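By convention in this document, chain letters (A, B, ...) are assigned in the order of the sequence lines, proteins followed by strands, and residues within each chain are numbered from 1.
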Amino acid sequence: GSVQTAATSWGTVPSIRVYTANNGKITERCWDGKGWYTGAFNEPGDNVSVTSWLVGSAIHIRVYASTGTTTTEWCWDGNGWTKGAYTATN
Amino acid sequence: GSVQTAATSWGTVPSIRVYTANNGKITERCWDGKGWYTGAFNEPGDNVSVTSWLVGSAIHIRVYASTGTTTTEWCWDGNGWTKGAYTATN
Amino acid sequence: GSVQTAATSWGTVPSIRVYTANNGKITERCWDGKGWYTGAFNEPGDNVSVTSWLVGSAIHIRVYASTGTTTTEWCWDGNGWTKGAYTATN
């Protein structure tokens, strides 16, 4: 078929993050104004969406990774990706 | 295969909305700072994207739901989801 | 199957752009406050994501178009779509 991407950006430089789901794995490419590099994000999933917001100059990111009917939320809040509270039902 | 999601967020809390297309139906999970709950959005579609913007503190949301080659726009503007003017051609 | 869309918006009017991948081709519909029209964007791809940001009142847009395992970045910066520096690896 084809890979699936999600993108987000922030600030005025801007920083950009592109998430790619490929063969069950989601990886991350980053731009902070100079060039593209690989980011810390590495999680399983066949589909991905993303949103982010600033608190002052600190970025917060939520990546929604889906495999089958299970969507897991992954959070960046300044110190590592942690799994989020998101659930699909209830 | 797998479900497909789209996500958007606003404000500083933030509020978050995650839309999930699953088996022809798009449903909505919401976060306003405390926990996740099911939102009012319920429309047919196999694919979804979303964008939103603030006017002061009031949120406006546009959800693009696609089935086959027909994309329908759905609008939140403070008082219920209504169908939008979006058309694909002409 | 079904077409795939990505959406972005900016400003307070707002302007909206909806990108649709359909049968290998990504096209663009635009809203600047009056009605929907077809935009300049026309590129190959089976999947698309998008992000955008303002610098003052000038919009900058990045559209990520994927075919197979090749994601090409397309840039709008006020004067035509140009191909971006994005690469997936290295």
*asked:* Listing request: all salt bridge (charged side-chain N to carboxylate O under 4.0 Å, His left out) pairs with a residue in residues 76-90 of chain C, at least two apart in sequence or in separate chains.
replied: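 Every pair satisfying salt bridge (charged side-chain N to carboxylate O under 4.0 Å, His left out) with a residue in residues 76-90 of chain C: C:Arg62-C:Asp77.
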
Is [X] isolated, or which residues cluster with it under the ILVMFWY side-chain rule of less than 4.5 Å, directly or via members?
X: B:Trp36; result: A:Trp53, A:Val55, A:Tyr64, A:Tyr86, B:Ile16, B:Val18, B:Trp31
X: C:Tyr37; result: none
X: C:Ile59; result: C:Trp10, C:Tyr19, C:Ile26, C:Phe41, C:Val48, C:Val50, C:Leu54, C:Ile61, C:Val63, C:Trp74, C:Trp76, C:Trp81

Give me the atom names and distance for the closest heavy-atom approach of [X] to [Y].
X: A:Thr8; Y: A:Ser52; value: OG1-OG, 2.7 Å
X: B:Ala21; Y: B:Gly45; value: CB-O, 3.8 Å
X: C:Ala7; Y: B:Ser49; value: N-CB, 4.0 Å
X: C:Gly33; Y: C:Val13; value: CA-CG1, 3.6 Å
X: A:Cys30; Y: A:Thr38; value: SG-C, 4.4 Å

Identify, with sequence neighbours excluded, every residue that meets side chain to side chain donor-acceptor pair (under 3.5 Å) alongside [X].
X: A:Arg17; value: A:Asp32
X: C:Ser2; value: B:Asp46
X: C:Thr20; value: none
X: C:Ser9; value: B:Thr51

_Qualifying residues under side chain to side chain contact (heavy atoms under 4.5 Å, CB included), relative to B:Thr87, sequence neighbours excluded_ =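 Partners of B:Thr87 by the side chain to side chain contact (heavy atoms under 4.5 Å, CB included) criterion, ordered by chain and then number, come out as C:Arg29.
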
*Counterpart residues, side chain to side chain contact (heavy atoms under 4.5 Å, CB included), relative to B:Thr70 (two or more places apart)*: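 Partners of B:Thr70 under the side chain to side chain contact (heavy atoms under 4.5 Å, CB included) test: B:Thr72.
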
*Roughly how far apart are C:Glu43 CD and C:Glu28 CD, rounded to 0.5 Å?*
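Reported to 0.5 Å precision, the distance equals 11.0 Å.
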
*Is there a side-chain contact between A:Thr5 and C:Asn47 (heavy atoms, below 4.5 Å)?*
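When only atoms from C-beta onward are counted, C:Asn47 and A:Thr5 do touch, with a gap below 4.5 Å.
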
*Kindly indicate, with the supporting measurements, whether the criterion side chain to side chain contact (heavy atoms under 4.5 Å, CB included) is fulfilled by C:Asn22 and C:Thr27.*
CA-CA 8 Å; C:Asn22 182 11; C:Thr27 65; over 6 Å; no

